[PDB]
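Next come the chains, spelled out residue by residue.
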Amino acid sequence: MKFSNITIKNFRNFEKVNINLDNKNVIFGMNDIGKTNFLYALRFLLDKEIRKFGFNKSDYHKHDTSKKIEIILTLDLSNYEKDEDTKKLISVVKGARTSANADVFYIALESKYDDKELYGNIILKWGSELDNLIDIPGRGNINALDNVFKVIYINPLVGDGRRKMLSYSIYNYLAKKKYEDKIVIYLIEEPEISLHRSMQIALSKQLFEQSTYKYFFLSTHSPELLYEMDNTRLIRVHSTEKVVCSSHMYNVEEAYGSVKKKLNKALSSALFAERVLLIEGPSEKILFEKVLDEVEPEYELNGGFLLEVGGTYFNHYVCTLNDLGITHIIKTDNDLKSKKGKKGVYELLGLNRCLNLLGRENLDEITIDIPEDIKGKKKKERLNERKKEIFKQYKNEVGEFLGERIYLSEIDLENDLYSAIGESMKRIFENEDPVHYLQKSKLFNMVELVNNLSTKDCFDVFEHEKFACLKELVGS
Amino acid sequence: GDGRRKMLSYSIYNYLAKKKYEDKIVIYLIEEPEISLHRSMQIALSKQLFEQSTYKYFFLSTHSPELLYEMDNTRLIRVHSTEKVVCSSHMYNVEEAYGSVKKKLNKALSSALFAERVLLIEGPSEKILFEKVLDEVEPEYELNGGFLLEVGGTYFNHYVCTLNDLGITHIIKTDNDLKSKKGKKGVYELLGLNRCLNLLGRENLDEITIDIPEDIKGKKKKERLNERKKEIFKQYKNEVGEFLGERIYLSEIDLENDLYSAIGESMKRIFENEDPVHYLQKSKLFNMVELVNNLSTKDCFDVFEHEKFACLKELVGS
Amino acid sequence: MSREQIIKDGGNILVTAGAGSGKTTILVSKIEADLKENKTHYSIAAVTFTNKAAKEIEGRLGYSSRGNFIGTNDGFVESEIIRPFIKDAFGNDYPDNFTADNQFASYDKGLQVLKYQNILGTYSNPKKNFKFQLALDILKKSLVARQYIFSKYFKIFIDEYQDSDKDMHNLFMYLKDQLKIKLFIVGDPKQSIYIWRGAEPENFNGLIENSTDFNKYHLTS
């Protein structure tokens, strides 16, 4: 019914790795050697044309053939009543199961090297109990496990994208009719080799929204394949010499239903990064791009990313990034949102969004008089004074935030930028109040500002204490 | 991983073709260098190609827009998706004026070069709204070669020149904006009309002055400016008709009012106890999410089939 | 004739056919039709009373990688129910080894022989069966046994039902009712000359004259 876990020991560059699984799995990362060895281990366990040969001396970890290779896969048999693949497995297995362990099954591989004959023999076992496994029976070249699983291996190597799509179609409508009595698993390795972008999006839709691909493992370098992802395991291989892996069970909540196409596009490109800074809009994008190009031109070559979050909460992105082992930085500002309906009551939106990431959730509302006489700049400064009071009140919570790489502004980014480059802003924005003028047209006035900034101003912004997230992004 | 081996190959190529071939003219033919390459390595190779003197002459074939993040001073040749080979070429440059935003123009325009029709929009609110509507009505608009491009706070000339020379269809949706001039108070610039005119060869227009007595402020000032916008829109009717022939769609005031004219009843239902436009304009990002979270298929088809949203039909090829 | 109304019927069936009717021909035809029609992972089981009929059917059917059981009803239980799942029902001390002189007159002594002696038991009285009562006992105590039996076969072919004890009837009816497996029964009512081996002709006649979910046909050819 469901793949659960896999363990690999003393195989190639794997020494002891434990990875949680699901039916649909995507592996990505920068190693590019462990990613291929993962699929090779799967093929050795489940593919008879690869297991037909043995293990060489180079298949052992550190080429030390005095160690034993173990590969063990785990399944869940909880839905025997509602699934027909559980019956396909159970009809070949008879006796290796016990009633106390009727919901878990194991399939293992073991190899010990023969120094005299220079050969590594592979012997397979299954069982319900991991301390009591028995050999899978078979006659001649055939195995009892070969009667169940059908492993289909896809690789573009060993316009033309239309030929690739035709190949995928023939695969889909051939593996159905011919293999109605088997469990089919697809191994798709880098399907984007010579493929147009729109074809990658089409293949993503096929993978994640069609029933022909119930079980698969996918290796990819392209975020366009992940535009439709949902209900899948994401496995990330850390960019080091020792193979380290992190996995996350990705889902999209029903609440995040109408914006699902934005979350996926935004988060697809951040999965291929090392540090991500979460921002709000394009004004911050413009400002930080200018400053970084001036100070740290190669920040994106070393694994930096700027992510625009928009009008949602940070939970969806932070859960995924944290579970995959990617560093996240957040910069926010104290916002008050007028409640729908009753007038004079506002919601501590910024504090609430920052709290929800600390487990603590939501906070009481506030009321401000705001007499009808005052309006305009006077009301703006009244709200700003209220924001200052709120910021000073919750100083301990702010200190807690700074420990999580969360940076909340007292009022806004405009005031923080003033506190750093006030003289330059007064020069550029001649005959106006810099903050008020900059806040009239967010986009055009920001371009006006960045068009008149020098390297001194960029280094002033970079080295300020109010902009300590930029140092985190570039790794100091 | 193996991309590091690719980078080593590129380095040996660069420092071998120099010493050994100082007496020859060297031309590089780079074919799909992104086969098994990490994204950051693609950006690094782009920087090498477009900002190093080792590659004076080359021809590059690519499927990846990450290789084009640093492009400048190059010919872009586009092969049309047909059986008969048709090609369009454009001499790409970035002006000194567009110098501080060059990293945004390149990233924005890289993904639009691999499309058939592009709709140029302003911000993320329109992105949210149109993504919801299209997912409801035309889920596979991006499989057939559609794209939404956020232009931001610049003029349309840079994008339109490239797209037009390469043979890609461009649609523009804009709204009538008045920008207060820096310094003197009471004078505004016809920003939307000026941006739309500059794409017709005709450029710039005279400024205007509005009293706006100090007593009025808030909603009253907003409606005063909206009435001025209506008068301006009615004045230049022939220019608007000319724009419509170039696939340029200018709103009388804003997108909020156009959306009201289509789904006013639904907006009143969802935004209970407020004026829908005024409330929607307070928090642009959160209130759009609130709206799209409560829209049905009937509302999406109402928006799609309206006359004020005729650019969406152009984007999907009707 | 009615030989074409059988191949077109899928479910529970009886064939009240006398001597010289051609039971083997219709049985093989039905088996081949069922195997050709179905495209799933399921199999069939053909149970007889002699090794000669089993070998005849095996030779007629041919060769396949699909796992179908053709043999005697005594081998059916040993191969499918008892040997694999004896230790899952009672305990790990009960052995799955046996090569079947040592017959007794009690069920408990049969268990004692199977355990201590490590040889399959028997009964002195031919009116009672040890194999087919132990099999039903195991089926009701092991969940994995029932799961395997349900996941494995989709139809079971039984011939010469008139020469069946009460335990055979009990096990087959348990499979038919509790596990929802189809049955195909062929038998001659007037061929109970094997009554010296504990045969009970009342079962087949009762099925013929009382069954409501069984389709009944008679062959005069």
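Residues numbered from 1 in each chain as written, not as in the entry; some residues may be left out. Chains lettered and ligands numbered in written order. Part of a larger assembly, values for the part shown. Heavy atoms only, no water. Residues with missing side-chain atoms left out of burial classes, pairs and counts.

Method-wise, the PDB entry is recorded as coming from cryo-EM, at a reported resolution of 2.98 Å.

The name given to chain C in the PDB entry is Gabija protein GajB, with the source organism recorded as Bacillus cereus.

The name given to chain A in the PDB entry is Endonuclease GajA, with Bacillus cereus as the source organism.

### Comments concerning the interface of chain A and chain B
With 63 residues of chain A in contact, the opposing surface of chain B contributes 64 residues. Looking at the side of chain A that touches chain B, the elements with two or more residues in it are α5 (197–209), α6 (260–270), α7 (282–295), β16 (336–338), α9 (349–356) and α14 (442–450) of chain A. The residue inventory of the side of chain A that touches chain B, partitioned by class, reads 23 nonpolar, 18 polar and 22 charged. (Contact = heavy atoms within 4.5 Å. Helix = DSSP H or I, 4+ residues; strand = E, 2+ residues; numbered from the N terminus. Nonpolar A, V, L, I, M, F, W, Y, C, P; charged D, E, K, R; others polar.)

### Points about the sheet that holds strand β7 (residues 169–175) of chain B
Residue and element names in this part refer to chain B. Ordered in space as β6-β5-β7-β11, the four strands form an open sheet in which the pairing is parallel. Each edge of the open sheet is held by one strand with a lone partner, namely β6 (146–150) and β11 (248–251). Pairs of neighbouring strands in the sheet enclose a mean axial angle of 20°, with direction left out of account. With four bridges connecting them, strand β5 (residues 117–121) and β7 associate as parallel partners. In the sheet register, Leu120 faces β7, and the bridge partner there is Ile172. Along the sheet, helix α4 (residues 124–137) makes contact with β5, β6 and β7, crossing β6 at roughly 160°. (Pairing = 2+ DSSP bridges. Axes fitted to C-alpha atoms, helices over the stretch in contact; angles between N-to-C directions.)

### A closer look at the pattern of salt bridges
Inspection of every chain in the model, using the stated rule, returns 63 salt bridges over all chains. We note a salt bridge from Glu298 of chain A to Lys47 of chain B, for which the minimum N-O separation is 3.3 Å. Of this pair, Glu298 of chain A sits in the loop between α7 and β14 (304–308) while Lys47 of chain B sits in helix α2 (residues 39–51), each in a different chain. Exposure remark for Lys47 of chain B: the relative accessible area of 19% places this residue in the buried category. For the salt bridge of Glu78 of chain C with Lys131 of chain C, the shortest nitrogen-to-oxygen distance reads 3.9 Å. Assessed through its relative accessible area of 8%, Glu78 of chain C is described here as buried. Overlapping salt bridges bring together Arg197, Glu224, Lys262 and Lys265 of chain A together with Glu131 and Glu142 of chain B as one network. (Salt bridge = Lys/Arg side-chain N within 4 Å of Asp/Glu carboxyl O. Buried < 20%, exposed > 50% of the residue type's maximum accessible area, 1.4 Å probe, protein only.)

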